[PDB]
Structure formats: C-alpha cells, structure tokens
Amino acid sequence: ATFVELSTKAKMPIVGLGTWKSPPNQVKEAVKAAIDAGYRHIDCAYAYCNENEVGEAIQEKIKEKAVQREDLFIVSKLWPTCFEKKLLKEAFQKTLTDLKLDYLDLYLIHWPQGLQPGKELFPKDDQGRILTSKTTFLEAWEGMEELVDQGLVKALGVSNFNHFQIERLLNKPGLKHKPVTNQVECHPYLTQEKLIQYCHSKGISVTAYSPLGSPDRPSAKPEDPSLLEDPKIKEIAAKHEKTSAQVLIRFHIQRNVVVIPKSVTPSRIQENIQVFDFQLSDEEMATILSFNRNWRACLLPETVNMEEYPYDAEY
Ligand SMILES: NC(=O)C1=CN([C@@H]2O[C@H](COP(=O)(O)OP(=O)(O)OC[C@H]3O[C@@H](n4cnc5c(N)ncnc54)[C@H](OP(=O)(O)O)[C@@H]3O)[C@@H](O)[C@H]2O)C=CC1
Ligand SMILES: O=C(O)Cc1nn(Cc2nc3cc(C(F)(F)F)ccc3s2)c(=O)c2ccccc12
C-alpha cells in the first residue's frame, strides 16, 4: 500500500523524502521535484539546518496549485538541547516559521538523551565529551502535548527510542497524547524485527531512516557495509527489472513500515518512489531478512555511556 494508517486514523504516506545532509542551496528544488514525482511526505528536522528552504518549496507548490496543504504530511523533530519547556517553544516556533506552515502533521522527540542547552547541536567540553542534561523526554513530551492542544501539531512521535523508553512514555502519569510513530534506522543489515513487533503491538507505527545505508553520512569509511553494492540485493532487483535502491525501499513497504530515502537528485527522487508496480515474493522477503548484521551506519562513540543511549538494550 501507499500509506501506513496511524492510530489517529491519519494516513501517513509510505514513501517520504529525507532531507538530512541536503544543502540549503539544493533542498528547495529537490522538494519541488519530489512533490512533482508524487511524494506527499517530507521528513525534516531543526537539526538539518535547511527547513527554511524546504518551506520555500512547499509554499511554492501550494501557491502554484500543484497540491493543497492537506495533501502533504510534514514531519519535523525536537533536538535534545531544547527539551526544557521555554526552549521547546522557541525551537518549535523556529521550525514552524522556517517551514512557513500553519501546522505540522507529526513532531518527534529526535533522540532520547537530553543535551546541554545552548547554540551548539552537540555541546562539548574541551576533551570532546558531549555534554548532557538532566531534563528528560517526558518533560519535553508535556510541552509537545500542548502544541497538539493548540492545534499546531496533529500528532506526536519519538525517534531512536528502544522499547524500555517507549514503555516509560506510554506509562507516564497523566499522558494526554500517545506516540503514533517511532522513527529508527532500518534496512536489510539492521532489520529491527523485535522493535517493529513491539511497536506494532502497541499501535505505534515505524518509520525506517537511512534505508539505503546513508552512503553520504559524515565519516563513512568506504569499506564499511554497502547495501547499494551488495550483489545479493542486486540479484533480487534484477529478477524484477528494478534497481537495488528500489528493492531496499520496497522491503519496508511490504512490512507496513514507512520509509524516507534522501536525495537531492531529481532522477533518483523519481526512481525511489517507482516502487508500486512490483512485489518482492515471500521467499525474497525472507532472504532479505536473513541479511541482518545488526549494523548501524552512523555512530557517535561519545554517546555510548549516556544514560539514555538506546542501542545497548535488546530492543
Ligand atoms: N531521526 C533520525 O535520527 C534520523 C533520520 N534520518 C532521516 O532519514 C533520511 C534518509 O536517511 P539518510 O541517512 O539521509 O541516508 P539514505 O539511506 O536515504 O541515503 C542517502 C544517500 O543515498 C543516495 N541515493 C538516494 N537515492 C539513490 C539511488 N536510487 N541510487 C543511488 N544513490 C541514491 C543519496 O545521493 P543524492 O542525495 O546525491 O542523490 C545520498 O547520498 C534522512 O535524510 C533523514 O530525513 C536519518 C538519520 C537519522
Ligand atoms: O539526527 C539525525 O537525524 C541524523 C544525525 N545523526 N547523527 C548520529 C547521532 N547519533 C546520536 C546519538 C544520540 C544519543 F541519543 F545516543 F545520545 C544523540 C544524538 C545523536 S546524532 C549525527 O551525528 C548527526 C549530526 C548532525 C546532524 C544530524 C545527525
């Protein structure tokens, strides 16, 4: 299907356009090319430093009458340096006014660990240690619930949360709006079977990020795992006359998981959403699921000892 039904009954387009690393100079035309290619969901974030330009694109396509606002599903996230309530309101406003929108369809806690407030996204002492803060995501959640009550955000969600962190949120006393999504890394080398089963059991959808392995991530060592070059994935793509990137995106669609490939190249943006005219067989899905390597593409070793570091839990 072309969407994943959320618990609120809102339909989240299953293929969205990722924007991390897209330069401010190139993201406006890339979002316009994606909307022309049928994309109706754009993943954004205050931390990506390009929301203003993404806003310019949406505003132009709505002004040109190519689509209405309700046809789109815009997602942004709250960076952990802004969990405190006063800072949360200021950050959300910066994200909403940069995007030039009346409301967001989905706002997510970006990472579960609160970081020191300030101008930097990664505050650090002199020895390179990333500075944390004690304000939790539960406190930040209350500020986010207010935005929903103010009609500025339709729904809330979390990102990079393990099941213990989602349980704390679902068990929060006085919880007013449940999370409708948990955005995490997911691809054939990190299949997330237990986390996806847990989220679906709670009525929480999952959005898979870095579906192509994030080849353009900072400091990627060329010898690390390459999903786009894996011959085993190329073989299955050839059986369907599709590319490896199209198989990597169709994989999530067949698990009822939203996926958000990133690209500032119009031909690839088109190629990445031409995944609705074929289906991976049951045997092909089992083979791809067997490629799991519990491999995450972008790690920060300085975050491993943090209190909310999310990767060492079972799921
Ligand atoms: N919540 C979180 O913590 C995180 C969320 N995300 C989100 O997920 C999105 C996607 O993940 P991301 O890490 O960016 O990496 P992706 O796995 O989407 O890969 C992006 C890279 O793949 C290239 N590419 C895209 N399509 C193709 C294709 N068909 N063939 C070959 N190369 C292709 C792009 O090149 P080019 O652009 O030049 O076309 C770019 O270099 C992010 O942009 C962001 O929105 C990502 C990480 C973390
Ligand atoms: O954030 C994006 O969307 C992409 C993203 N991912 N990563 C890897 C990260 N790993 C983390 C781990 C924690 C932790 F919670 F574990 F502490 C906290 C924060 C991070 S950022 C980055 O290093 C990064 C830097 C700038 C802009 C975007 C990103």
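Per Swiss-Prot, chain A residues shown: 2-316, in order.
When the header is checked for method, it gives X-ray crystallography, 1.7 Å.
Cβ atoms here come from the backbone N, Cα and C positions, even for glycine.
Feature annotation from Swiss-Prot assigns active site, proton donor to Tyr49. Residues or ranges marked as site 'Lowers pKa of active site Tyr' in Swiss-Prot (evidence: similarity to another entry): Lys78. Swiss-Prot lists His111 with the feature substrate binding site. What Swiss-Prot lists as NADP(+) binding site is 211-273, and the listing cites experimental evidence.
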Rounded distance in angstrom between the Cα atoms of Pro219 (NADP(+) binding site) and the residue listed as 'active site, proton donor': 13
Entry from the binding-site residues list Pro219, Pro267 having the most other CB atoms no farther than 10 A: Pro267
Nearest of the recorded positions (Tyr49, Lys78, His111) to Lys243 (NADP(+) binding site) - Cα to Cα: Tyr49
Cβ atoms near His111 (substrate binding site) (within 10 Å, other residues, all chains): 24
Close-lying binding-site residues around ligand 1 among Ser211, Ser227, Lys243, where CB distance stays under 6 Å: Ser211
Site of maximum Cβ density within 10 Å, from recorded positions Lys78, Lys235: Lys78
Euclidean distance between Cα atoms of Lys78 (site 'Lowers pKa of active site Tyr') and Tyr49 (active site, proton donor), Å: 10
Winner by Cβ contact number (other Cβ atoms within 10 Å) across the binding-site residues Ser211, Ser227: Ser211
Position of peak Cβ density within 10 Å, selected from the binding-site residues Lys243, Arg251: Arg251
Cβ neighbours of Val259 (NADP(+) binding site) where a neighbour is any other Cβ within 10 Å: 26
Other C-beta atoms that fall within 10 angstroms of the C-beta of the residue listed as 'active site, proton donor': 21
Mapped DSSP class for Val259 (NADP(+) binding site), helix or strand or coil: strand
